[PDB]
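[1] model this:
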Amino acid sequence: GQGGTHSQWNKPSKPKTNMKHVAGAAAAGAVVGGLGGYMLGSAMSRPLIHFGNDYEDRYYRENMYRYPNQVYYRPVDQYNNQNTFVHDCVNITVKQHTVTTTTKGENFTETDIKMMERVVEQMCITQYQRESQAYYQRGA
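    Numbering: from 1, shown residues only. Here you go, the structure:
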């Protein structure tokens, strides 16, 4: 024959454009050097403390707008009993209260400080149960 034709060419062209990177950070008021492993709990509906005395009852009612609505504690997996969870929770919460108060100046009378101890322990019992239920339902 006087000629002929043929064609062939490469199909691939240039490298794959797939790539990945990530960056980002955040901060929180946890991981205190003398703590290392505790977290913020959740708030709840207004826990109105009653003391039997109307005088004390009124004191709490007018000042509750200045009281903590949240508590802090170590996780459930570090406890074999409810009382230990409550003891950590009450201590860390009042600790947070005193360090900000002594640095910023006084904001409540001694009487108010005696009231807030009650609200913190009551919130600890309530939160402990919520955290425990969360641990059981997640299959921890």
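[2] tell me, how many residues neighbour residue 82?
    Neighbour count of residue 82, defined by other Cβ atoms under 10 Å: 14. (C-beta placed from N, C-alpha, C; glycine too.)
[3] what's the nearest residue to it if we skip its chain neighbours?
    Using Cβ to Cβ, 6 or more residues apart in numbering and skipping residues adjacent in sequence, the residue nearest residue 82 is residue 128, 5.8 Å away.
[4] can you give me the helices for this structure?
    54-63, 82-104, 110-137 (DSSP state H).
[5] which one of these lies closest to residue 6?
    Among these, helix 110-137 comes nearest to residue 6, with 69.4 Å by Cβ to Cβ.
[6] off-centre distance for the closest one?
    In terms of Cα atoms, centre = their mean, to the nearest Å, the centre of helix 110-137 is found 13 Å from the chain centre.
[7] which strands and helices sit next to it?
    Applying 3 or more Cβ pairs under 8 Å, 6 or more residues apart in numbering; DSSP states H and E, one finds that helix 110-137 contacts helix 54-63, strand 72-73, helix 82-104.
[8] tell me which of those sits most buried.
    strand 72-73 (a mean of 23; mean count of other Cβ atoms under 10 Å).
[9] mind listing what that strand pairs with, with the direction of each?
    With DSSP bridges as the test, strand 72-73 is paired with strand 39-40 (antiparallel).
[10] residues contacting the residue nearest to the spatial centre of the chain?
    Centroid-nearest residue in the chain: residue 40, 2.1 Å away (criterion: Cα atoms, centre = their mean). When contacts are counted by Cβ atoms under 8 Å, 6 or more residues apart in numbering, residue 40 touches 28-30, 70, 72.
[11] one more time with 6 Å, if that's ok
    By Cβ atoms under 6 Å, 6 or more residues apart in numbering, residue 40 lies in contact with residue 72.
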